[PDB]
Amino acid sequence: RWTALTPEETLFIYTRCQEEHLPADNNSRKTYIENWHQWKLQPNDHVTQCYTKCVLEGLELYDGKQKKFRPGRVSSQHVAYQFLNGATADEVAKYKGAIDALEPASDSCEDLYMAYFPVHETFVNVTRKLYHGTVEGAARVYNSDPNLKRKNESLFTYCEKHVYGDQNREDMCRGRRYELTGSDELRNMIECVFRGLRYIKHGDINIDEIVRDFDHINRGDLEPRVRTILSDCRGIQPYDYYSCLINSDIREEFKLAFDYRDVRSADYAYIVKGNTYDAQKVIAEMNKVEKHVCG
């Protein structure tokens, strides 16, 4: 059935929705950052409204497919962390029952926001306890499961640790230097990375997500080539798509995109905070950890 979201998972939702909906640079941006980070769903305009729709769907609290709310997932989210939550059974019951009564007029930003706004005004602190929306709460979870990826930890070094252990240090160095060693470990390394980046989800490649990482290095021009290479790849494990890019004519631009995404994988709010692309600093960081892993 439905599995409760981890703080890594909900942090990804909160920040990705911000990337999707924050006005790019416009004088209004900081207003949405200062409000939303307070969990203040204000101002009541199109930006805020689509943002709450984005978060409601990312938490899978509103079900896009079935076009309805899923009050059962509230309690599921609760029980999976009830001993670190701080959430009382009564809170969750009233929150659950409030949601259970929501039938919005449509799945539009406006109608969803209209429907859910009073539940949020009333139960916001229950949401934050349940879906890891406080730094202190979420840190309790992080401290109880050391296998969760931490907020300031590269997805890449996280995967290297869990896949490689203290074995095959040279193959790991080879894998990080973009050589296609073909070992079981590198393959599971690529799979581990592709899942954390949401390059793969529900077991299928997500070509949009990889194109997005090319956009981030200012190579939106390469979108058709990226899609062709992946759509033509003769395998469907993460290591296959990865080899298809590495053996392609855009392999150098892919490394640039992959490395930038590593950096941003270590701070999910990277873009939200206002950071921009600097290929020189990206390489510097990659060389540093490259030096540590290898000689």
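Quick note: we count residues from 1 along the sequence shown, nothing fancier.
Taking the PDB entry as given, 284 to 292 carries the higher mean Cα B factor of the two stretches 284 to 292 and 3 to 11.
In this crystal structure, the stretch out of 85 to 93 and 113 to 121 whose C-alpha atoms carry the higher mean B factor is 85 to 93. Highest C-alpha temperature factor among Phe214, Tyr178, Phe156, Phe194, as the PDB entry reports it: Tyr178. Residue set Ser28, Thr52, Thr228, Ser265: peak C-alpha B-factor at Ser28 (per PDB entry). When all modelled residues of the chain are sorted by CA temperature factor, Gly64 is found within the highest third.
Per the PDB record, residue ranking by Cα B-factor puts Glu253 in the lowest third of the chain. Ranked within its chain, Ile33 lands in the middle third, by CA B factor from the PDB record. Per-chain ranking of the deposited C-alpha B factor places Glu57 in the middle third. Per-chain ranking of the deposited C-alpha B factor places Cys244 in the middle third.
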